[PDB]
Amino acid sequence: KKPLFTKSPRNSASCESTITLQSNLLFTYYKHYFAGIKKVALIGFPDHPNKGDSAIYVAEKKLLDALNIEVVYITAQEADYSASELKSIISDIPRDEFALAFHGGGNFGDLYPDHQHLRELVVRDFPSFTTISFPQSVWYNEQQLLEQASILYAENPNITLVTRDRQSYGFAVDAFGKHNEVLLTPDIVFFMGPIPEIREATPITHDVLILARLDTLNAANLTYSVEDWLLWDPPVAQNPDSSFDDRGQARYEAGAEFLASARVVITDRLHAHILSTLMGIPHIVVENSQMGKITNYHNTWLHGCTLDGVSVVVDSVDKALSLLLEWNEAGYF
């Protein structure tokens, strides 16, 4: 009953509506495109410390569970991929009940040839199945790399590409839109819905958390942490005998608790921004890169969460601190 953002109740209603909209669109799109599917192989599981990519995995599980679809196989990298093992797993499954699902996020571009290569390997071993991605960021600065990657999608018109932001959508359409369906949906993590439970369960350890690149102790009676949520990793994730699911769950929960430790967050990471929004943690986001790592997504989907006490975007970390103080005297956290 109570607002997601306590301390900014009227503005909270607008962002809660926006969360619900994104969650419904995800369901509506994926219910349709997974019609008839009962079992799925997940391709490109993020077996590495990035908290946002693991949160993407958990939200993918949640959506698949909501559609009564079972994950019967997972591959992270080429090294752990086995065509024989996957061939045997799907031998007993009717063709129209099985799909290939590409793990979403920012794994489609110049910097991610291994992720693309795994997609190529799996689709060519198992062609003519319902094949679709979870919502991706997509961009190639280099034509040569784009031309290479385009052959897979041209030769397999059944593959449906899902993008999560307007710039990725426009790029995907121009590059692959002749042969493949291209969609624009929200980021899958919004299917988790409001998750204030974890905000309330986690004890507050600092007043502010700075999850961004850089110091200045403006002593307005506020403690702060300048930690990075990359690098460090839950011990369970470091275990080789642990399952993919265990690693992804642990990394998601760890990342969520990490943000919950503060009353306000300053961040330049998209999924620190997304998760804080879902948990009802007030936060300022810093767009300090070119490209648009934050702003491409934000301007596509989150206009309704762009409010005082909820979430705001600024062009620098110094601007974030200034606004933080206004929020403090306003009592937004």
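Don't overthink the numbering: it's just position in the shown sequence, from 1.
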Select one of none, 1 to 3, 4 to 9, or 10 or more to describe the deposited residues without coordinates separating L214 and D215.
10 or more
Which has the higher mean CA temperature factor in the PDB entry, 256-264 or 159-167?
256-264
Tell me which stretch, 199-207 or 184-192, has the higher mean Cα B-factor listed in the entry.
199-207
From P240, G177, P113, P135, which pick has the Cα B-factor that tops the rest in the entry?
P240
From the entry's CA B-factor values, the highest among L152, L230, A172, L146 is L230
Considering every modelled residue of the chain and its Cα B-factor in the PDB entry, is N288 in the lowest, middle or highest third?
highest
Among modelled residues of the same chain, the CA temperature factor third for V314:
middle
Third of the chain, ranked by Cα B-factor, where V226 sits:
highest
Please rank the C-alpha B-factors of the chain's modelled residues and tell me whether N11 sits in the lowest, middle or highest third.
middle
Of the three thirds of Cα B-factor ranks in this chain, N107 occupies the lowest
